[PDB]
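The chain below stands alone, shown as structure tokens; this is the form deposited without ligand LFN.
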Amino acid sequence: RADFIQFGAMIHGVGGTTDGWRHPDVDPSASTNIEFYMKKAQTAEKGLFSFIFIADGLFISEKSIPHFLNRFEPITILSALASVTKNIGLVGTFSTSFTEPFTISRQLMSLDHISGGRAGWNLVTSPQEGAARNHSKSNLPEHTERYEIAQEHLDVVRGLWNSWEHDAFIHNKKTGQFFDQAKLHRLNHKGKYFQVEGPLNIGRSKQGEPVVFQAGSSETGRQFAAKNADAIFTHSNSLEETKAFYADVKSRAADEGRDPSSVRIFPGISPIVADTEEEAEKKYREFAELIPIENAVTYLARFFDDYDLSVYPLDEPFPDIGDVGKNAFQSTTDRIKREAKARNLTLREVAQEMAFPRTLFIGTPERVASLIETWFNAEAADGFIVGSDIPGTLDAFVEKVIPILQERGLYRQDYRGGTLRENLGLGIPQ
């Protein structure tokens, strides 16, 4: 391909699982540990990653995963990371549901100035229902209305970012003209959900304004992202599904009058790289074995409801149970039955793999680089957002996979520039 592949690094504290933090290598305080976040950010920058990504959440219970219980908030951790990094982008999740767009617009643009033009906004339209009750609302608006709110919120945020033209600040000490008043613009916005006069009290950044990311998956969300986003996150459940998503979103973007190459699609992967196939599998198994087996069998039991799995000896082959019946997730049960037979899995192993599935992107650096190249050449991805919950995985990826991609001409030898737009290959608007 003519362009280069890009990577982002999701920094996610003690990770996305219930029990991964119990591994001997995991620092259980990682989610509020500034050293952990700084070290991961600098590892990603060493790998020339275009950005780091901080997810977010606004509602928890006693059953939330450990990372969700106690974690940094995104604009603060990204601003702190700006001071100890140089070129890597800083992408944070903020919802359109609660905060006023003037506040979000200021905070993102301020990060964009602090960082020299590296800010990005992952826009979330639909938080958990319970989040409404943390923000003085009885309930969230309905799906359709949440996307109308999000469109108006984003329009106001981008309108405010353009309050000042890029050359508005003359700073002429001799004449006393600090700014050119013809280059200052009030928004004067009076919409259904927001009324915002302006102007914003911060000007254009070195990349013009922050980059917008979105992870819309529904019909409505795919269309919203194709209309509005610079980059789109998606899943990597299969090459076929991701290829279909990519083609659909790129087509929708053309329908909206955009150049499809200006929308960069980033599936999420969590690769497990080791020097040998067996070593990588051993690392996967160490983490899959952390789940309390009774919890995994109980969750497995949801797909074989007509049986008590407790009578089956754990360390014997998975039973030829399953029959047919009919459950809302029955095609799941036949994939489970087929995999268990294909690899002669025990009941314990089936339970463990269901609680923590094995990534396709597992094995030698050469295999993982080749898979990544294949997805890139197949137009399933313009890049990947790399998770690294298992300790050492980001370091292994940067040290071992990146040099192969560089040697094959798919990855740059150094940063293209100092702004997120430049490193993603986007133009800067004014």
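Numbers follow the displayed sequence, beginning with 1.
What follows is about the form deposited with ligand LFN bound, which we do not show.
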* Of the listed stretches (68-76, 186-194, 96-104, 352-360), which one has a non-hydrogen atom within 4.5 Å of ligand LFN in the entry with it bound? -> 68-76
* Contact test in the entry with it bound: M10 vs ligand LFN, heavy atoms, 4.5 Å -> yes
* Asked: Counting only non-hydrogen atoms and a 4.5 angstroms cut-off, does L405 reach ligand LFN in the entry with it bound?
  -> no
* Flag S310 as yes or no: does it have a non-hydrogen atom within 4.5 angstroms of any non-hydrogen atom of ligand LFN in the entry with it bound? => no
* How about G57: is it within 4.5 Å of ligand LFN in the entry with it bound, going by heavy atoms? -> yes
* **Of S238, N134, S110, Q128, the one that lies within 4.5 Å of ligand LFN in the entry with it bound (heavy atoms)** => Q128
